[PDB]
Structure formats: structure tokens, C-alpha cells
Amino acid sequence: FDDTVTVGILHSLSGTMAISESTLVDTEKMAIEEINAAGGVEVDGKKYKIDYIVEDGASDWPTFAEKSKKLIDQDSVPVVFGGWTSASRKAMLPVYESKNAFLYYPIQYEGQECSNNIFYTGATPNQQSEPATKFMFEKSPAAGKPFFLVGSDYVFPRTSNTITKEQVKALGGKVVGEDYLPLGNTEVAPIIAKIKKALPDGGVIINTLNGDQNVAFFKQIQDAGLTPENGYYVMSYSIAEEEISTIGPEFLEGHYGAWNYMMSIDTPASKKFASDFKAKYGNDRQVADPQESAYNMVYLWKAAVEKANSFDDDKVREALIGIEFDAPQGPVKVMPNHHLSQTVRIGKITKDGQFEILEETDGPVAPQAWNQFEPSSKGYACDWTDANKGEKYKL
Ligand SMILES: [Ca+2]
Ligand SMILES: [Ca+2]
Ligand SMILES: [Ca+2]
Ligand SMILES: [Ca+2]
């Protein structure tokens with residue numbers, strides 16, 4: 001190596017979100033180690049080793065904003081890989097925008113955003129909850145049954161459920177419940193009683209709980225008899241193979257997810273991701289969509305740097321649009337709206353905590369940041385390649 005570049009990593013390693021975010025740091029570090037082993041990042045004929053600073057967001061959104069300022073100003077990083085909850089991202093967004101910096105954010109979310117200073121590898125709703133909703137209503141064993149929505153009390157679950165309510169109405173179904181718990185809250189018995197009352201003949205439960213309150217939720221719904229055997233099916237948007245392995249797959253068997261990457265994808269690229277992750281971190285370790293999303297961020301950033309011949313975040317962000325990567329999920333591409341074109345999978349959870357893949361799109365789906373079911377965003381798009389279009393413009 002001729003020089004070094006130091007990037008920022010900002011995730012919850014402690015608190016209620018650690019169950020989800022800790023493995024993202026592991027995965028981002030694996031990508032960095034791979035890139036370094038292959039020669040680093042090439043800029044102006046010089047090979048740069050990638051170093052990193054990890055900051056603990058501690059499941060606390062003001063801390064995410066504070067550590068973002070530290071990484072940008074004190075540490076002079078050219079990108080921060082970070083975030084999970086939309087609460088943490090909304091807290092960080094003014095920091096990256098006011099400092100004209102660059103956050104790369106990997107987690108599935110609600111859309112309704114298109115920051116010039118954020119790029120996104122997590123699913124937008126049309127890459128996750130919209131196909132999942134149609135699947136539950138039309139194809140699942142609870143086809144035609146009513147929907148009950150349960151999530152954490154912040155902007156992702158509330159916005160996701162607003163979209164779901166619009167879509168279920170358009171599909172001709174019914175929503176019979178919508179309830180939120182504060183993030184981390186484990187007092188799930190009252191909502192369980194409501195689900196039993198509202199779905200006396202079984203049905204679909206849409207779960208947007210984030211973090212480790214999912215542990216209490218899945219264990220208590222099983223003890224209450226809200227089980228696939230009794231006609232109750234949960235579709236979850238914010239947990240996958242990692243959290244399932246901590247919870248215990250016996251509590252998730254038979255329930256559903258919708259994701260762009262699943263560990264069970266039967267391709268050399270998917271198997272190599274899993275095998276490499278186990279070799280570095282242990283044979284017990286899972287890979288999953290959040291990790292695949294974060295992995296991709298590092299490789300996409302590296303490609304954009306080499307295309308731009310610069311680490312400057314304005315030049316890298318300009319170069320990043322259009323970049324393609326042969327990812328563990330299949331081919332992905334960074335779009336003019338800064339999001340990622342991705343293949344969509346529907347899965348049913350097995351006794352071992354893997355997904356049985358039941359549906360898969362014919363190639364990747366372009367991300368709709370501005371949601372096309374929600375009346376306020378219908379007809380809008382985002383395109384940062386055209387000065388006359390931009391963050392939010394009418395088609
Ligand atoms: Ca920890
Ligand atoms: Ca993704
Ligand atoms: Ca199959
Ligand atoms: Ca858009």
C-alpha cells in the first residue's frame with residue numbers, strides 16, 4: 001500500500017438494536033478486509049489501504065447524530081457506513097446534509113426520502129412490503145384473511161403501515177388492528193389479546209417491530225397460541241436469519257419474510273458470502289439481507305472511488321450512480337434516486353431458521369423511493385442526475 005484512507009462505521013453495538021446491527025459491523029469489516037487483501041482502493045495510481053473507525057450508536061438517535069458529527073469533522077472520514085432504524089437515519093440526515101457529507105445506509109425502510117447525501121442499499125417498500133402484502137393476501141395459507149399490523153413506535157413502522165393500509169384497501173382486503181410499542185418494550189400481552197379478538201379465525205400479522213423486543217413478541221405469541229398451526233401467520237420486515245438465530249428458530253418456523261437476499265439462495269455468490277462469513281466469524285454465524293446490504297455498500301463505494309479517481313464525497317456520490325455489483329443476492333445497480341435495484345424474494349422460515357424461497361422476481365426491481373400507493377407521493381420520483389429533477393419532482 002502507498003497510503004491509507006479511514007472510513008467511518010456507525011452502528012448500534014449496545015442496547016435494544018444490537019441484536020440486529022452488531023453483525024453489520026462484522027460484515028462491513030469483512031468487505032474491507034477482502035478489498036485490502038485484493039490490493040486496496042486505487043486512486044491516482046496509488047493503492048490505498050482501507051482503515052476504519054467504529055462508533056457505537058448505542059440504540060440512541062442523538063448519539064447517532066453526535067457520532068456522525070465526530071466522524072465527519074474530527075475524523076475527516078469520506079464516508080460513513082451506518083444506521084438501521086429510520087429514527088437513527090432521520091437524526092443523522094441533517095448532519096450529512098448540512099456538512100455536505102456522505103452516509104451509506106443499508107437497511108430496508110419506508111422510502112419517502114431521497115437525500116442528496118445518503119445512498120441506500122436497503123429495500124424500499126416496492127422491493128419488500130408491497131410484494132409481501134400481495135403475497136399474504138393472495139398466495140399465503142391466510143389468503144383473503146384480514147390483516148393486523150404491529151410495530152415499534154417510530155417513523156418506519158408507522159409509514160410502512162400507512163402504505164400497507166393503502167395497499168390492502170386497493171387489494172380489497174381489510175385491516176382489523178394497528179398497534180405500536182415503544183422500541184425495546186417487552187409488554188406484548190395487551191396487543192396479543194387484541195390480535196386474538198380481531199382475528200378470531202386466524203389471519204395475517206404484519207410485524208414491523210425492530211430490535212430485540214422481537215424476542216418477547218415471538219415467544220409470547222407462540223405461548224398464546226397465535227401459531228401457523230392455528231392459522232396465524234406473521235410477515236416480518238425487520239428481522240431475518242441473524243435475529244432468528246438469537247431468538248430461537250422454533251419460535252419463527254412457519255412465519256414469513258420478504259427480502260432481497262436470503263442465505264438459502266442457491267448460487268456460488270450466495271454460498272461464497274456465507275462461507276467467507278463463517279470462516280472469519282465462526283461456523284454458527286448466519287448471513288442475511290441486512291448484512292448483504294451492508295456488504296454491498298462497501299464494494300459499491302470502492303467502485304465509485306475508483307471511477308471518480310477521488311475520495312471527495314461530492315465526486316464519489318456523483319460517480320456512484322450507475323455502478324453495478326455482482327452481489328451475493330445477484331446483480332445490483334445504484335439508481336439515479338441513490339437506491340439499489342434488487343431482486344425480491346418471499347420466504348417461509350424453516351425449523352433451522354433459514355428461508356424456504358417461495359417466490360422470486362424475474363430479475364431486479366427498480367426501487368421506488370417515493371411511494372406510489374400513498375397519495376402525497378403518488379406521481380413523484382427522485383433523480384439526482386438531472387438538475388431539473390432532483391430530490392422530489394412530478395413525473
Ligand atoms: Ca454488544
Ligand atoms: Ca439490500
Ligand atoms: Ca422453492
Ligand atoms: Ca423515486
# chains A, B, ... in the order shown; residues from 1 in each chain; ligands from 1
>>> residues_near_ligand(ligand="ligand 2", cutoff="8 Å", atoms="only C-alpha atoms and all ligand atoms", output="ChimeraX atom specification")
/A:106-108,121-123,259-261,289-290,292-294,296,340,342
>>> closest_atom_pairs(of="segment 143-197 of chain A", to="segment 84-99 of chain A", cutoff="7 Å", atoms="only C-alpha atoms", output="tab-separated table")
residue	atom	partner	partner_atom	distance
A:154	CA	A:87	CA	6.5
A:155	CA	A:86	CA	6.4
A:156	CA	A:86	CA	5.6
>>> closest_residue(among="A:234, A:321, A:381, A:168", to="ligand 4", atoms="only C-alpha atoms and all ligand atoms")
A:381
>>> closest_residue(among="A:113, A:313, A:356, A:28", to="ligand 3", atoms="only C-alpha atoms and all ligand atoms")
A:356
>>> residues_near_ligand(ligand="ligand 4", cutoff="10 Å", atoms="only C-alpha atoms and all ligand atoms", output="PDB file with N, CA, C and O atoms, in the first residue's frame")
ATOM      1  N   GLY A 111     -38.963   4.288   2.496  1.00  0.00           N
ATOM      2  CA  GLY A 111     -38.879   5.274   1.425  1.00  0.00           C
ATOM      3  C   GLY A 111     -39.295   6.649   1.917  1.00  0.00           C
ATOM      4  O   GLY A 111     -39.014   7.039   3.053  1.00  0.00           O
ATOM      5  N   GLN A 112     -39.986   7.395   1.048  1.00  0.00           N
ATOM      6  CA  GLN A 112     -40.435   8.762   1.353  1.00  0.00           C
ATOM      7  C   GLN A 112     -39.261   9.664   1.714  1.00  0.00           C
ATOM      8  O   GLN A 112     -39.357  10.533   2.584  1.00  0.00           O
ATOM      9  N   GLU A 113     -38.157   9.473   1.009  1.00  0.00           N
ATOM     10  CA  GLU A 113     -36.922  10.187   1.275  1.00  0.00           C
ATOM     11  C   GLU A 113     -35.994   9.976   0.094  1.00  0.00           C
ATOM     12  O   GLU A 113     -36.012   8.916  -0.541  1.00  0.00           O
ATOM     13  N   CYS A 114     -35.179  10.988  -0.190  1.00  0.00           N
ATOM     14  CA  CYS A 114     -34.185  10.852  -1.244  1.00  0.00           C
ATOM     15  C   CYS A 114     -33.078  11.871  -1.023  1.00  0.00           C
ATOM     16  O   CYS A 114     -32.926  12.817  -1.802  1.00  0.00           O
ATOM     17  N   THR A 124     -36.697  -0.492  -0.608  1.00  0.00           N
ATOM     18  CA  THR A 124     -37.860   0.380  -0.496  1.00  0.00           C
ATOM     19  C   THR A 124     -39.113  -0.488  -0.427  1.00  0.00           C
ATOM     20  O   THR A 124     -39.051  -1.694  -0.677  1.00  0.00           O
ATOM     21  N   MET A 335     -29.109   3.424  -8.530  1.00  0.00           N
ATOM     22  CA  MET A 335     -30.072   4.114  -9.384  1.00  0.00           C
ATOM     23  C   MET A 335     -29.956   5.626  -9.241  1.00  0.00           C
ATOM     24  O   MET A 335     -29.328   6.125  -8.303  1.00  0.00           O
ATOM     25  N   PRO A 336     -30.543   6.393 -10.171  1.00  0.00           N
ATOM     26  CA  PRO A 336     -30.497   7.863 -10.050  1.00  0.00           C
ATOM     27  C   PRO A 336     -31.065   8.402  -8.750  1.00  0.00           C
ATOM     28  O   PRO A 336     -30.665   9.496  -8.325  1.00  0.00           O
ATOM     29  N   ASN A 337     -31.984   7.679  -8.106  1.00  0.00           N
ATOM     30  CA  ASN A 337     -32.529   8.101  -6.822  1.00  0.00           C
ATOM     31  C   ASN A 337     -31.687   7.637  -5.641  1.00  0.00           C
ATOM     32  O   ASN A 337     -32.166   7.691  -4.506  1.00  0.00           O
ATOM     33  N   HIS A 338     -30.456   7.180  -5.882  1.00  0.00           N
ATOM     34  CA  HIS A 338     -29.492   6.768  -4.858  1.00  0.00           C
ATOM     35  C   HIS A 338     -29.829   5.430  -4.207  1.00  0.00           C
ATOM     36  O   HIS A 338     -29.065   4.973  -3.330  1.00  0.00           O
ATOM     37  N   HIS A 339     -30.943   4.797  -4.569  1.00  0.00           N
ATOM     38  CA  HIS A 339     -31.305   3.494  -4.029  1.00  0.00           C
ATOM     39  C   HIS A 339     -30.757   2.394  -4.950  1.00  0.00           C
ATOM     40  O   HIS A 339     -30.000   2.659  -5.887  1.00  0.00           O
ATOM     41  N   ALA A 366     -36.692  -2.114  -9.866  1.00  0.00           N
ATOM     42  CA  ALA A 366     -36.201  -0.767  -9.622  1.00  0.00           C
ATOM     43  C   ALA A 366     -36.841  -0.188  -8.364  1.00  0.00           C
ATOM     44  O   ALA A 366     -38.052  -0.313  -8.169  1.00  0.00           O
ATOM     45  N   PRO A 367     -36.060   0.473  -7.511  1.00  0.00           N
ATOM     46  CA  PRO A 367     -36.592   0.973  -6.235  1.00  0.00           C
ATOM     47  C   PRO A 367     -37.430   2.230  -6.431  1.00  0.00           C
ATOM     48  O   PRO A 367     -36.998   3.187  -7.082  1.00  0.00           O
ATOM     49  N   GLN A 368     -38.610   2.238  -5.826  1.00  0.00           N
ATOM     50  CA  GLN A 368     -39.452   3.435  -5.773  1.00  0.00           C
ATOM     51  C   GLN A 368     -39.263   4.078  -4.401  1.00  0.00           C
ATOM     52  O   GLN A 368     -39.831   3.626  -3.403  1.00  0.00           O
ATOM     53  N   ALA A 369     -38.449   5.132  -4.351  1.00  0.00           N
ATOM     54  CA  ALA A 369     -38.275   5.843  -3.089  1.00  0.00           C
ATOM     55  C   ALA A 369     -39.566   6.542  -2.695  1.00  0.00           C
ATOM     56  O   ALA A 369     -40.076   6.347  -1.586  1.00  0.00           O
ATOM     57  N   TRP A 370     -40.131   7.327  -3.608  1.00  0.00           N
ATOM     58  CA  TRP A 370     -41.425   7.955  -3.376  1.00  0.00           C
ATOM     59  C   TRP A 370     -42.518   6.931  -3.651  1.00  0.00           C
ATOM     60  O   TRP A 370     -42.585   6.349  -4.742  1.00  0.00           O
ATOM     61  N   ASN A 371     -43.341   6.680  -2.640  1.00  0.00           N
ATOM     62  CA  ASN A 371     -44.263   5.561  -2.676  1.00  0.00           C
ATOM     63  C   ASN A 371     -45.450   5.841  -3.582  1.00  0.00           C
ATOM     64  O   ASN A 371     -46.028   6.930  -3.565  1.00  0.00           O
ATOM     65  N   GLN A 372     -45.839   4.833  -4.357  1.00  0.00           N
ATOM     66  CA  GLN A 372     -46.885   5.025  -5.340  1.00  0.00           C
ATOM     67  C   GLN A 372     -48.254   4.537  -4.878  1.00  0.00           C
ATOM     68  O   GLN A 372     -49.212   4.598  -5.656  1.00  0.00           O
ATOM     69  N   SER A 377     -47.328  11.085  -2.248  1.00  0.00           N
ATOM     70  CA  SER A 377     -46.124  10.829  -3.026  1.00  0.00           C
ATOM     71  C   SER A 377     -46.409  10.222  -4.393  1.00  0.00           C
ATOM     72  O   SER A 377     -45.478  10.101  -5.205  1.00  0.00           O
ATOM     73  N   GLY A 379     -47.028   9.794  -8.150  1.00  0.00           N
ATOM     74  CA  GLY A 379     -46.652  10.633  -9.269  1.00  0.00           C
ATOM     75  C   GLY A 379     -45.332  11.357  -9.113  1.00  0.00           C
ATOM     76  O   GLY A 379     -44.908  12.046 -10.047  1.00  0.00           O
ATOM     77  N   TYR A 380     -44.669  11.229  -7.973  1.00  0.00           N
ATOM     78  CA  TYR A 380     -43.370  11.840  -7.754  1.00  0.00           C
ATOM     79  C   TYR A 380     -42.268  10.808  -7.945  1.00  0.00           C
ATOM     80  O   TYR A 380     -42.474   9.607  -7.758  1.00  0.00           O
ATOM     81  N   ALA A 381     -41.090  11.299  -8.323  1.00  0.00           N
ATOM     82  CA  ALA A 381     -39.879  10.490  -8.358  1.00  0.00           C
ATOM     83  C   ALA A 381     -38.700  11.329  -7.885  1.00  0.00           C
ATOM     84  O   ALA A 381     -38.824  12.529  -7.613  1.00  0.00           O
ATOM     85  N   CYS A 382     -37.543  10.679  -7.804  1.00  0.00           N
ATOM     86  CA  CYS A 382     -36.288  11.299  -7.417  1.00  0.00           C
ATOM     87  C   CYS A 382     -35.229  10.951  -8.452  1.00  0.00           C
ATOM     88  O   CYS A 382     -35.129   9.798  -8.874  1.00  0.00           O
ATOM     89  N   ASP A 383     -34.444  11.949  -8.868  1.00  0.00           N
ATOM     90  CA  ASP A 383     -33.388  11.710  -9.858  1.00  0.00           C
ATOM     91  C   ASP A 383     -32.306  12.763  -9.632  1.00  0.00           C
ATOM     92  O   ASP A 383     -32.476  13.915 -10.024  1.00  0.00           O
ATOM     93  N   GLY A 390     -34.160  16.035  -9.445  1.00  0.00           N
ATOM     94  CA  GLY A 390     -33.700  16.178  -8.081  1.00  0.00           C
ATOM     95  C   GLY A 390     -34.437  15.335  -7.062  1.00  0.00           C
ATOM     96  O   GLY A 390     -34.917  14.239  -7.364  1.00  0.00           O
ATOM     97  N   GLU A 391     -34.553  15.888  -5.854  1.00  0.00           N
ATOM     98  CA  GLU A 391     -34.987  15.143  -4.674  1.00  0.00           C
ATOM     99  C   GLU A 391     -36.413  14.622  -4.802  1.00  0.00           C
ATOM    100  O   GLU A 391     -36.707  13.497  -4.386  1.00  0.00           O
ATOM    101  N   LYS A 392     -37.322  15.436  -5.336  1.00  0.00           N
ATOM    102  CA  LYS A 392     -38.725  15.042  -5.421  1.00  0.00           C
ATOM    103  C   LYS A 392     -39.379  15.901  -6.493  1.00  0.00           C
ATOM    104  O   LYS A 392     -39.558  17.104  -6.284  1.00  0.00           O
ATOM    105  N   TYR A 393     -39.716  15.293  -7.633  1.00  0.00           N
ATOM    106  CA  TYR A 393     -40.283  16.033  -8.751  1.00  0.00           C
ATOM    107  C   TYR A 393     -41.440  15.253  -9.351  1.00  0.00           C
ATOM    108  O   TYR A 393     -41.495  14.023  -9.278  1.00  0.00           O
TER     109      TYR A 393
END
>>> residues_near_ligand(ligand="ligand 1", cutoff="10 Å", atoms="only C-alpha atoms and all ligand atoms", output="number ranges by chain")
A: 12-19, 21-23, 56, 58
>>> residues_near_ligand(ligand="ligand 3", cutoff="10 Å", atoms="only C-alpha atoms and all ligand atoms", output="list in words")
residues 265, 346, 347, 348, 355, 356, 357, 358, 359 and 360 of chain A
>>> write_last_selection(atoms="N, CA and C atoms", output="short mmCIF file (atom, residue, chain, number, x, y, z; two decimals), in the first residue's frame")
data_model
loop_
_atom_site.label_atom_id
_atom_site.label_comp_id
_atom_site.auth_asym_id
_atom_site.auth_seq_id
_atom_site.Cartn_x
_atom_site.Cartn_y
_atom_site.Cartn_z
N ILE A 265 -30.34 -18.68 -0.82
CA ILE A 265 -30.16 -18.53 -2.27
C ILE A 265 -29.07 -19.48 -2.73
N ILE A 346 -39.70 -13.89 -1.53
CA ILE A 346 -40.60 -14.20 -0.42
C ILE A 346 -40.16 -15.54 0.15
N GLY A 347 -40.03 -15.62 1.47
CA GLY A 347 -39.58 -16.84 2.12
C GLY A 347 -40.43 -17.23 3.31
N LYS A 348 -40.43 -18.53 3.60
CA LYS A 348 -41.07 -19.10 4.78
C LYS A 348 -39.99 -19.72 5.65
N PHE A 355 -34.70 -19.50 5.28
CA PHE A 355 -35.89 -19.26 4.47
C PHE A 355 -36.00 -20.33 3.40
N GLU A 356 -37.20 -20.90 3.27
CA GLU A 356 -37.59 -21.60 2.06
C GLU A 356 -38.09 -20.56 1.07
N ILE A 357 -37.43 -20.42 -0.08
CA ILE A 357 -37.79 -19.38 -1.03
C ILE A 357 -39.01 -19.82 -1.83
N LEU A 358 -40.10 -19.07 -1.71
CA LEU A 358 -41.36 -19.43 -2.34
C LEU A 358 -41.64 -18.64 -3.61
N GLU A 359 -41.16 -17.40 -3.70
CA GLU A 359 -41.36 -16.57 -4.87
C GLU A 359 -40.11 -15.74 -5.09
N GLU A 360 -39.84 -15.43 -6.35
CA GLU A 360 -38.65 -14.66 -6.71
C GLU A 360 -38.96 -13.90 -7.97
#
